[PDB]
Structures are given as structure tokens and as C-alpha cells.
There are 4 protein chains.
Amino acid sequence: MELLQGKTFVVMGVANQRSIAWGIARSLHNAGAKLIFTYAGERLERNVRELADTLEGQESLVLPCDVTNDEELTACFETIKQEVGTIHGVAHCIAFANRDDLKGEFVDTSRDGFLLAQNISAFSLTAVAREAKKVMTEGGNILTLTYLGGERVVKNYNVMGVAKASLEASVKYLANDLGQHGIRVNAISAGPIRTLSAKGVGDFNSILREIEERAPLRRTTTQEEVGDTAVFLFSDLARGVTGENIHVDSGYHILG
Amino acid sequence: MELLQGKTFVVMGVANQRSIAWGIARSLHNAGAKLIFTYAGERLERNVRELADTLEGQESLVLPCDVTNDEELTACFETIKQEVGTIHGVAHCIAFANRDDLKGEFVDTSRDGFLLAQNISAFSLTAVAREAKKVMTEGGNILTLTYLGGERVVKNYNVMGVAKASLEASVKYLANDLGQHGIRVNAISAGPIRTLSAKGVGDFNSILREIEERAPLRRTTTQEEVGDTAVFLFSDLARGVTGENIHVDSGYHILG
Amino acid sequence: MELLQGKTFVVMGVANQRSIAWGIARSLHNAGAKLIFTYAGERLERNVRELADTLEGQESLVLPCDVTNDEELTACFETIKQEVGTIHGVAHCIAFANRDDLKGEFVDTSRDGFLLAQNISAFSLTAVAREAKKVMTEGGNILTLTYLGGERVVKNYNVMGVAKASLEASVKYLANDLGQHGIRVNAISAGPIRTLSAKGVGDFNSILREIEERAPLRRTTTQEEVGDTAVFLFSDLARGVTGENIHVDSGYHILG
Amino acid sequence: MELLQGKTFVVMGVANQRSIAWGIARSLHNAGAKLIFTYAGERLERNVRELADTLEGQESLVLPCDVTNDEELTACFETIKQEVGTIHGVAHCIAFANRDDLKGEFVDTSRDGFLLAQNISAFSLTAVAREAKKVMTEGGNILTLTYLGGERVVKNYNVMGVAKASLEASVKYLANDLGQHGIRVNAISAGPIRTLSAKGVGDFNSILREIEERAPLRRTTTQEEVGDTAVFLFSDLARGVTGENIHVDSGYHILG
Ligand SMILES: NC(=O)c1ccc[n+]([C@@H]2O[C@H](COP(=O)([O-])OP(=O)(O)OC[C@H]3O[C@@H](n4cnc5c(N)ncnc54)[C@H](O)[C@@H]3O)[C@@H](O)[C@H]2O)c1
Ligand SMILES: NC(=O)c1ccc[n+]([C@@H]2O[C@H](COP(=O)([O-])OP(=O)(O)OC[C@H]3O[C@@H](n4cnc5c(N)ncnc54)[C@H](O)[C@@H]3O)[C@@H](O)[C@H]2O)c1
Ligand SMILES: NC(=O)c1ccc[n+]([C@@H]2O[C@H](COP(=O)([O-])OP(=O)(O)OC[C@H]3O[C@@H](n4cnc5c(N)ncnc54)[C@H](O)[C@@H]3O)[C@@H](O)[C@H]2O)c1
Ligand SMILES: NC(=O)c1ccc[n+]([C@@H]2O[C@H](COP(=O)([O-])OP(=O)(O)OC[C@H]3O[C@@H](n4cnc5c(N)ncnc54)[C@H](O)[C@@H]3O)[C@@H](O)[C@H]2O)c1
Ligand SMILES: Oc1cc(Cl)ccc1Oc1ccc(Cl)cc1Cl
Ligand SMILES: Oc1cc(Cl)ccc1Oc1ccc(Cl)cc1Cl
Ligand SMILES: Oc1cc(Cl)ccc1Oc1ccc(Cl)cc1Cl
Ligand SMILES: Oc1cc(Cl)ccc1Oc1ccc(Cl)cc1Cl
């Protein structure tokens with residue numbers, strides 16, 4: 001409501017209306033924050049601008065940011081500095097892997113396919129954290145989105161699971177680095193949600209019914225449940241929480 | 001100020017101003033919640049009553065509830081059902097072990113001691129949950145406090161460590177049971193905090209100092225940081241969070 | 001092979017020819033070990049003495065030992081000390097919980113059933129390790145059997161899951177106490193196996209069918225696979241392994 | 001003495017007498033296995049050939065295999081195929097990261113340093129498995145060596161910790177892919193041992209003294225304890241174990 005009043009956050013990864021990052025943006029805005037959006041490339045610019053503009057308030061800054069490109073990533077955060085000077089956090093909702101690796105056997109993943117997944121889905125957290133460390137002059141929280149596949153084997157998640165494991169270990173090492181700089185680093189492990197990228201995981205419809213049937217809360221997750229947990233982590237209420245991975249998956253993670 | 005407005009919660013475990021339960025009480029109260037307190041035996045009625053009255057708004061119910069007593073436990077929740085219509089959660093901050101067993105080697109723990117710690121520090125959660133369920137129509141969240149010692153070996157924690165491990169598994173199984181009924185069950189794993197029961201844990205000062213020197217946030221936690229994470233878990237913001245264990249310990253849990 | 005020549009181990013838990021403890025006995029025997037068997041009640045002395053005799057040229061010591069009875073427990077190892085003097089390990093394969101509690105919801109577990117399960121399935125490892133220590137003057141290993149349900153929520157496991165969590169934490173703390181005396185403590189988390197006690201777990205056939213179809217090895221575990229892993233753990237090949245939990249479940253534990 | 005008789009294993013990562021892979025080689029040899037060795041580059045050809053010759057009996061195949069190079073990888077395994085035909089396993093003991101990244105803040109790791117560690121220390125396992133799979137027509141085990149730094153934050157391990165988390169997740173996805181082909185994939189999480197590349201880790205003597213004082217067994221690990229646990233994983237005694245990470249660290253991993 002006013003939980004994030006006066007704070008400005010950088011949300012990375014909105015692609016369209018179903019993006020979990022969009023769910024995060026709406027929750028942060030409703031909690032009173034100001035936002036900055038970064039999108040992967042020119043193709044997405046229109047979607048993010050129009051989405052950003054549905055939010056009441058000042059025209060939000062929308063900037064291209066291919067996290068695979070160091071010069072653009074660095075220039076993006078320099079622009080952010082010149083524009084607002086200080087931000088209070090970054091929501092990192094980025095991941096990618098060649099579609100053909102998310103099927104069949106993980107053992108057939110090509111080297112380039114594996115490094116690509118690692119580069120975009122795990123390293124980008126660290127590269128982003130490094131630039132955000134510069135503008136988060138008042139400390140704050142850095143968030144990332146992970147998935148159960150990084151902790152245990154999920155069918156067809158393959159190289160993405162290995163990349164998330166690496167992302168989750170990154171959260172821990174970054175939390176270890178940044179805490180003394182007043183910066184908390186956390187992850188949200190969301191349960192399956194229908195998004196543009198969900199199309200790369202096989203038989204999604206049946207995965208969702210499995211969640212509805214077996215998850216403790218008997219229902220699938222929503223972008224809003226994730227965004228609201230994100231509000232907590234970016235807010236002062238989470239002051240003592242860092243290097244933590246919170247599962248917003250209707251409790252599915254406890255099932256053996 | 002309004003996050004918990006219109007909600008009523010039971011805070012079990014207040015012994016004095018330093019109790020973690022009290023920090024939770026204050027946080028819930030500052031978030032607009034109505035509180036009902038439960039104390040162990042008569043010796044603690046005066047203390048709790050006093051602290052409760054120090055809050056404002058309508059006076060708070062203060063009921064005796066010794067978790068080793070099934071009758072007094074069922075009576076307490078009977079009173080609550082009659083006095084208040086519904087509650088939206090319970091904050092379980094109860095634990096006990098004989099100081100004798102918290103010294104030296106765990107292999108020397110008596111069957112009596114081991115069963116006593118299990119009964120009070122772990123089973124109580126379930127006992128409380130079965131009663132809470134009766135007055136928790138509309139749903140809500142059940143919270144309990146645990147410690148790292150239930151996940152790994154912490155010097156001197158011994159039998160309490162094994163108790164917390166049960167508590168922690170109990171959280172998972174209860175979450176699995178109660179989710180269909182709209183009830184979430186989560187735990188907060190707090191870092192060392194200076195409390196009455198902190199005397200059983202030998203050489204606390206060295207403990208607080210190692211945390212300040214090695215924890216990512218370079219500070220020990222407080223009853224308020226825990227209180228604030230509880231506000232989150234009892235709120236609708238934590239809608240899809242259940243069967244989780246959130247470490248409010250300055251990030252110490254990630255260290256190896 | 002001949003890994004255990006001249007070593008003597010106590011196998012507690014044989015009840016059946018299908019008992020996992022018996023699978024361990026046979027493997028220990030084939031690796032050249034001398035065994036001492038203990039059985040719950042007179043009701044089982046017949047089967048154990050009978051099975052124990054089927055081993056080639058052997059002393060075949062078989063003593064009674066109800067782990068809930070401190071007198072018997074103490075007399076059993078006193079007898080062992082008098083007749084053998086020094087043993088090199090103990091296989092703790094004991095567990096129990098009222099069948100009622102293995103049904104329906106965990107929240108309805110009664111206080112006595114919960115403590116019954118903890119006393120028999122978890123504390124006994126400690127009570128046994130305490131006596132065993134007196135007779136393991138050359139170091140050695142203490143093994144116990146746990147199951148996945150102690151780490152994550154497995155349906156129809158309820159109170160056993162929580163007793164197993166205490167058991168697994170007990171392993172860690174005992175390992176921590178005993179390592180300095182040259183004594184290692186480890187667990188084997190076995191996958192579902194048709195034993196007498198497995199009849200207490202609902203719809204076992206489908207449980208086995210699921211392991212067969214989804215476990216990495218596409219087959220269910222056998223008492224022999226567990227036995228052979230016990231051989232490694234009691235042998236010197238595992239002298240650097242303590243406080244560990246080895247899943248002998250065709251890799252099922254890794255599945256998310 | 002003949003646990004691995006008739007079996008042939010490929011050991012990757014011998015650099016010198018103090019390498020953990022050399023400890024594994026002696027252990028596998030003592031148990032009767034035949035060995036094929038691979039070295040990183042010309043520089044090590046000598047050292048490895050000399051150590052191999054020491055394993056009297058049969059002139060062991062010693063081949064170059066830079067895991068960074070696709071052709072060498074293919075060349076090495078096609079040679080084993082044409083030369084030996086069938087192997088029963090591979091011991092993967094390879095890791096690398098720039099020294100500068102193993103100090104200071106992990107957040108400062110460069111994209112290249114990060115992808116380099118991932119490539120050599122994590123992907124290499126998969127590339128090796130893809131090739132080994134072609135010559136393990138009879139099944140068998142693939143082993144890798146990880147470290148606590150991949151599960152939890154270990155000071156200065158930084159990027160290697162993230163690489164190891166990635167390696168550990170890979171062990172699981174590979175176990176899940178190769179199990180149906182009769183191939184098990186496992187890891188040994190070795191405790192700190194004085195090796196050639198251990199010089200890259202912070203004050204090693206104080207690290208070792210810490211383990212000697214805190215570790216359950218009150219002693220540091222050796223290449224032999226690792227080698228003996230490797231013997232088990234490659235033997236038929238471990239046929240039911242896959243996707244597992246056995247800690248051969250004197251029990252240190254259990255400490256909180
Ligand atoms: N949808 C789910 O069920 C689910 C569950 C758990 C975790 N996640 C994670 O949440 C995040 C967001 O995923 P989503 O499900 O909303 O899908 P999405 O397709 O909406 O978002 C993925 C985002 O990554 C961006 N991206 C890819 N390469 C990029 C690059 N090189 N530079 C900058 N951005 C790049 C895409 O533009 C997109 O905005 C991902 O990390 C994903 O793994 C999703
Ligand atoms: N203080 C810390 O450092 C710390 C850290 C992590 C977790 N915890 C946990 O938080 C909870 C609260 O502990 P605390 O540190 O505030 O100590 P505390 O001594 O203030 O509170 C413990 C409470 O348990 C109550 N209790 C004991 N036996 C009871 C019984 N039979 N019936 C009902 N209530 C009973 C006591 O009255 C007391 O109010 C405990 O579970 C504890 O293990 C504490
Ligand atoms: N069968 C499986 O699928 C499976 C899987 C994982 C773990 N386990 C564990 O392995 C152990 C052996 O179980 P099992 O499956 O061979 O079944 P089982 O029924 O053959 O053996 C259980 C043993 O516990 C003994 N026991 C019960 N109460 C006792 C008491 N008061 N004092 C002494 N002994 C007592 C019984 O006599 C019996 O010998 C148990 O801890 C069990 O939880 C079994
Ligand atoms: N020494 C320890 O305390 C310890 C603890 C836990 C895990 N480990 C792991 O054990 C493995 C062996 O390490 P070690 O301690 O024996 O050190 P080491 O220096 O003897 O071995 C490291 C090996 O990696 C090889 N290597 C590097 N780049 C390579 C490449 N491109 N292609 C092929 N091989 C390459 C090196 O030649 C060397 O043989 C590593 O994975 C290491 O992380 C070591
Ligand atoms: O991580 C995810 C988990 C689930 Cl269940 C669904 C979608 C996910 O997100 C992705 C999956 C594959 C690729 Cl290539 C990119 C992204 Cl963002
Ligand atoms: O769990 C705790 C953890 C820490 Cl570090 C300090 C105090 C704790 O709380 C207790 C410790 C011992 C007993 Cl007998 C009862 C309680 Cl409530
Ligand atoms: O732990 C077990 C796990 C599985 Cl899958 C099957 C049997 C098991 O063993 C038991 C189950 C229930 C009770 Cl009451 C006692 C025992 Cl020994
Ligand atoms: O993983 C390790 C863990 C420890 Cl305690 C000691 C040495 C280790 O091994 C390495 C460390 C750094 C680099 Cl660059 C390469 C290797 Cl093989």
C-alpha cells in the first residue's frame with residue numbers, strides 16, 4: 001500500500017502481460033513503489049511501454065537491456081543512475097535455453113547450449129548485481145526467480161535445471177558478498193505459471209493439473225502471489241532475510 | 001498499519017518483553033491485527049497480562065495454555081471459539097528441554113528428556129493445529145519458530161535440535177494436511193536472539209559475536225525482524241506460501 | 001568379499017526373511033563378519049533364531065532387546081560385552097507407529113502415538129548408541145534405516161515421517177558426539193521394499209509401480225542393495241564417512 | 001581385493017602424486033580394476049605416464065583429454081573404444097577457475113571467468129558422460145568430485161561454489177537420463193585435502209586446522225578415504241545408488 005513508498009525498483013524481464021515480472025511490477029506499484037523496466041530487445045519495447053503506461057503515475061523509464069551484452073548492461077545502469085540516482089532494488093526475471101535442450105536427455109546438451117543457459121539464466125544475476133551495487137547507495141534487495149527444477153529433477157527441465165541450481169548458488173554467494181554493503185539477495189521459487197516461456201516445457205497442461213491435484217493448497221500459482229511475496233522481500237519487513245529461497249508454489253516443494 | 005486489519009491471531013509463547021513471541025505480537029498489532037495471548041502457567045500470567053494491556057485498542061484476551069495438557073489446550077481454544085468468532089492464525093513460539101540435556105553429548109540424553117522436548121517443542125504444534133483448525137474457517141496461517149539446529153548440528157543444541165527437526169517435518173506434514181482447508185503452515189527459523197530461554201544455550205556471547213562477524217548482514221537478528229516476517233506470513237501477501245521455513249537470521253544459514 | 005573379517009556386528013530388527021535387517025545380516029556375513037542378533041519380543045525369537053542358524057558355521061548369538069525397555073536394552077549389551085567383549089558396529093533397523101496414525105491426516109495424530117513413534121523409531125537409535133559405545137572400543141560404525149518420508153512429505157507416512165526426521169537429525173548429532181571416540185553414525189534411506197512393516201503403508205503396489213516407472217534406475221530396491229551398502233558403511237572403506245544419509249532407492253530421491 | 005576385477009575404469013584428472021584422482025586410482029587398482037588415464041595437456045603427459053607405469057601389471061592406456069576441446073574428448077573416447085572396447089566407469093576429477101575469482105567478492109566475477117569455471121568444472125562431466133555412454137555397453141558408474149562450497153557458501157570459493165552447485169545438479173539430471181541405460185552417476189563431496197590446486201584456496205593450513213578441531217571425526221580427509229569410497233561407488237555393492245553425493249569429509253558437512 002505504502003510499504004514501498006519512496007522506493008524505486010528496476011524490474012527486468014517483462015515480455016508481455018503474463019510475464020511473472022509483470023505480476024511483480026503490479027505488486028510493487030500497488031505497494032507504492034516507482035518502477036523502471038528493462039526489456040531484452042527492440043521486439044519487446046512496445047509491450048513493455050504499453051504495460052508500464054497502464055500504471056497510474058509518472059511515465060516510467062523503459063530501457064533495452066540484453067543481459068548477455070556487457071556494454072549495454074553497463075550503459076543501462078549508467079542511464080538509470082543519471083535518471084534517478086538511487087534505486088532500492090532489482091527484480092531479475094530472466095532465463096533462456098535452446099528449446100531443443102528442454103526435451104530428451106540432458107546428457108545430449110551441447111556445450112554452447114549449456115553455456116548459453118548458464119550465461120543468460122544464472123550469470124546475468126551476478127552481472128546485474130554488480131551494476132546495481134553501484135546505484136543501490138541506500139542498500140536494498142535484489143531478487144531473482146527460480147524453479148524447483150534447480151533443486152531436484154523435473155522432467156524436461158534439463159539444462160534449465162542445472163542453470164537454476166547455479167542461479168540459486170549465485171544468490172547465496174551474492175548474499176554473502178552484498179550483505180556488508182547493506183544489500184540483501186533473495187530468490188522466489190515459483191510453481192508453474194502459464195507464460196510465453198512456459199511453451200518450452202512439455203505437456204504444461206498436465207503439469208498444472210498435477211499441481212492442482214497434489215499441491216497442499218490444491219491450486220496453481222499466480223503472477224500476483226509471486227509479486228506479493230516480492231513486495232515482502234523488497235520491503236523493510238524482510239530486513240533480516242537474505243540468501244533465502246522462498247517457494248511460492250502452493251507448497252508443492254515439500255512433496256516427496 | 002492495515003495489512004492485518006480485521007484479523008485476529010493467537011500468540012502462544014510470551015514469557016516477557018524479550019520473548020520472540022512478544023516481538024511478533026507487537027508487529028502483528030502494528031499491522032492492525034487483534035491479538036489473543038496464551039501463557040504457560042500462573043507464574044507468567046501477571047507478566048503477559050501487563051504486556052498485553054500495553055498495546056491500545058480493546059483489551060486482549062489472555063488465556064493459560066500449557067501444551068502438555070490436552071484438556072487445558074482444548075479448553076483454551078473452546079474459550080477462543082466462544083469469545084471470538086474466528087481467528088486467522090496462530091503463532092506458536094513454544095519450546096522446552098531440560099537444561100541438563102543441552103550440555104555435553106547428545107548420546108547421553110535420557111528417554112524422559114528426549115520425549116519431553118519432543119512433546120513440548122514439536123508435538124504441541126500439531127496439537128495446537130488440530131484445535132486452531134476448528135476456529136479457522138475462512139482459513140489463515142499457522143506459524144512456529146525453529147532454529148538452524150534442526151537442519152544441522154549446532155554446538156550444545158543437541159536434544160532441542162532433534163526436536164526442531166520434528167517440528168520442521170511436522171510443519172511440512174501439517175501444511176500438506178491443512179492446505180485443502182485454506183490453512184497455511186510455515187516456520188520462521190530465527191537466528192540467535194537474547195531471550196530468557198537463551199541461557200540454556202552455552203556461551204551466547206561467542207554465538208552472537210560469530211554471527212556479527214560472519215553473517216552476510218553483519219548483525220544478529222531481533223524480535224522485530226522476526227515479527228515483521230510473521231506479519232508477512234500471516235498476511236494475504238503470503239497467499240501461495242506454505243510448508244516453508246524462512247530464515248530470519250541475517251543470512252547465516254547459507255554459510256558452510 | 002572379505003571386507004569384514006574378524007569384525008562383529010549387532011543386527012537389531014530382523015523379524016522376517018524379508019526384513020531389511022536380514023538383508024543386511026546376509027551381506028555382512030558374506031563379507032566375513034560375525035553377527036549378533038536381537039529381536040523385539042518372544043513372539044519373534046523363533047524366526048530370528050531360525051534364520052540366524054541358516055548361516056554357515058557360526059556362533060549365532062541371539063538376544064532379546066525391546067528398545068523401549070531400558071533394563072532389557074542395557075542387559076542386552078552387557079551380555080554382549082561379557083560374551084564378545086568388543087563389537088565393531090550396530091545396524092539399527094527398528095521403527096514403529098500405530099497403524100491408525102499412518103492413515104488419514106497427520107494433524108489428527110494423538111500425543112501418545114506421536115511419542116510412541118518417536119520413542120521407538122527415533123530415540124532408540126540414541127539409547128542403543130549409548131550402550132553400543134561401551135562395547136565399540138576400537139571404533140566402528142552405527143547404521144540406521146530411514147526413508148524419504150523423513151525429508152519430504154510422502155503420502156500415508158505421516159507420523160513416521162516426523163519420527164524419521166528426528167532419526168535423521170539424531171544421526172547427525174550422534175555422529176557429532178561419537179566421531180571423537182572413533183565411532184561413525186550414518187543412515188541408509190532405503191526405497192520401498194515389501195516387508196512386514198510395509199503392510200502398514202497404504203496402496204503399496206502402486207508405490208512400487210511408480211518407483212519402477214519413474215526412478216532413474218527403473219527398478220525397485222532390494223534388501224540386498226541395502227545390505228551391500230551397509231557392508232561399505234561398516235567397512236573401513238567408509239572410514240571418512242559419518243553423519244551421512246545414503247539413499248539406496250534407484251535414485252528416486254532426486255526426483256522433483 | 002578383487003571387488004572390481006575384470007573391470008576397466010577411466011580416471012580423469014591425475015596431475016600428480018597428490019591429486020585426488022591418483023588416490024582413486026590406487027584404490028581402484030588395489031581392488032583389481034584396470035585403468036585408463038587422461039591428462040589435460042603435454043605438460044602433464046610425463047607426470048601421469050610415470051604414475052601410471054607405477055601401477056604394475058599391464059601398460060595402462062594414457063591419453064590426452066582437454067575437456068575444453070570437443071575433438072580431444074571425442075578422440076579420447078573413440079580411442080578407448082577401438083583399443084579396449086568396453087569400460088565400466090569414469091572418475092571425473094576435474095575443475096578449474098581463474099585464481100583471481102577465488103578471492104574477494106563473487107559479485108566481481110567476469111562473464112568469461114564464470115563461463116570458464118562452468119565449462120571446465122561442470123559441463124565437462126556431461127560431455128564426458130555423452131562419450132563414456134558409448135563405451136559403457138555393460139553399464140557401470142560415472143563419478144565426479146564436488147565440495148561443500150557447491151551446497152553452501154564457503155569463504156573465497158566464490159565462482160567455484162556456483163560451478164560445483166552446477167556440477168551437483170548435473171549429477172542428478174545425468175543420473176536421471178542414464179539410469180535406464182544401466183548407468184549410475186554419483187558424486188563424492190571430499191573434504192579439504194592438500195593438492196596441487198588447493199593452493200588456490202585461502203589460508204589452507206587454518207582451513208585444515210579448523211576441520212581437525214570441528215569435524216566429527218576430528219581429522220582431515222585423505223585421497224585414500226576418497227579413493228575407497230570411490231571403490232564402493234564403482235563396485236556392484238553400489239548398484240542401488242545413483243544421483244547421490246557422498247560426503248567424505250570426516251562428517252564436517254553436518255555442522256551448522
Ligand atoms: N512461468 C513459470 O512457470 C516459471 C516458474 C518458475 C520460475 N520462472 C522464472 O521466471 C523468470 C521469468 O519467466 P516467465 O515465466 O515470466 O517467462 P517470460 O517469457 O515472460 O520471461 C522471460 C524473460 O527473459 C527475458 N530474456 C531472455 N533472454 C534475455 C536476455 N538475453 N536479456 C534480457 N532478457 C532476456 C525475456 O525477454 C523475458 O522477458 C524466468 O527466470 C523463469 O525461469 C518461471
Ligand atoms: N531466542 C532465540 O535465540 C531463538 C532462536 C531460534 C528459535 N527460537 C524459538 O522461538 C520460540 C520462543 O523462544 P524464545 O527465545 O522467545 O524464548 P522464551 O523463553 O521467551 O519463550 C519460550 C516460551 O515457551 C513457553 N513454554 C514452555 N513450556 C511451555 C508449555 N509447556 N506450554 C506452553 N508454553 C510453554 C514459555 O512460557 C515461553 O513463553 C522457541 O521455539 C525457540 O526455540 C528462539
Ligand atoms: N520396508 C521399506 O520399504 C523401508 C523403507 C525405508 C526404511 N525402512 C526402515 O527399515 C527398518 C526395518 O524395517 P523393515 O521394513 O525391514 O520392516 P520389519 O517389519 O521387517 O522390521 C521392523 C523391525 O522393528 C522391530 N521393532 C518394532 N518395535 C520394536 C521394539 N519396541 N523393540 C525392538 N524392535 C522393534 C520389529 O520387530 C522388526 O524387527 C525400519 O526403521 C523401517 O522404517 C523400511
Ligand atoms: N583438494 C581438495 O581439497 C578438494 C575437495 C573437494 C573437491 N575437490 C575436487 O577434486 C577434483 C580434483 O581436484 P584435486 O584437488 O585433486 O586437484 P588437482 O590439481 O590434482 O586436479 C585438478 C585436475 O583438473 C585438471 N584440469 C583442469 N583443466 C582441465 C581441462 N581443461 N581438461 C582436463 N582436465 C583439466 C587438472 O589437470 C588436474 O588434473 C576437482 O574437481 C576438485 O574441485 C578437491
Ligand atoms: O523456469 C521455468 C519453469 C516452468 Cl515450470 C515454466 C517456464 C519457465 O521459464 C522458462 C523455461 C524455458 C526457457 Cl527457454 C525460458 C524460461 Cl523463462
Ligand atoms: O531455540 C533456541 C535457539 C537459540 Cl540460539 C537460543 C534459545 C532457543 O530457545 C530455547 C532453548 C532451550 C530451551 Cl530449554 C527452550 C527454548 Cl524456548
Ligand atoms: O519406514 C518405512 C517406509 C516404507 Cl515405504 C515401508 C515400510 C517402512 O517401515 C515401517 C512403516 C510403518 C511402521 Cl508402523 C513401522 C515400520 Cl518399521
Ligand atoms: O574444489 C576444491 C576445494 C578445496 Cl577445499 C580445495 C581445492 C579444490 O579444487 C580446486 C580449487 C580451485 C581451482 Cl581453480 C581448481 C580446483 Cl581442482
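Chain letters run A, B, ... following the sequence lines, proteins first and then strands; every chain starts at 1.
Within a 6.0 Å sphere centred on CD of D:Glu42, heavy atoms belonging to other residues, nucleotides or ligands number 12 at most. The neighbour count for A:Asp203 CG, taken as heavy atoms of other residues, nucleotides or ligands under 6.0 Å away, does not exceed 12.
Here A:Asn119 is the residue among A:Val159, A:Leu167, A:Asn119 with the most heavy-atom pairs under 4.5 Å with chain D. Between chain D and the options A:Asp70, A:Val153, A:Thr68, heavy-atom pairs under 4.5 Å are most frequent for A:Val153.
The interface of residues 105-115 of chain D with chain A, defined by heavy-atom distances below 4.5 Å, comprises D:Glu105, D:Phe106, D:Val107, D:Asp108, D:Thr109, D:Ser110, D:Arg111, D:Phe114, D:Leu115. Scanning residues 121-138 of chain A against chain D with a 4.5 Å non-hydrogen threshold yields A:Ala122, A:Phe123, A:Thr126, A:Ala127, A:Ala129, A:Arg130, A:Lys133, sorted by number. Close approach to chain A, defined as a heavy atom under 4.5 Å from one of its heavy atoms, is seen in D:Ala169, D:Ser170, D:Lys172, D:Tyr173, D:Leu174, D:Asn176, D:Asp177, D:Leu178, D:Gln180, D:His181 of residues 168-192 of chain D, taken by number. Contact annotation for residues 238-249 of chain D against chain A (heavy-atom separation below 4.5 Å): no residues qualify.
Considering all non-hydrogen atoms of both residues, D:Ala165 and A:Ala165 come closest at CB-O, 3.8 Å.
Using a 4.5 Å cut-off between heavy atoms, D:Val154 contacts chain A through both its backbone and its side chain.
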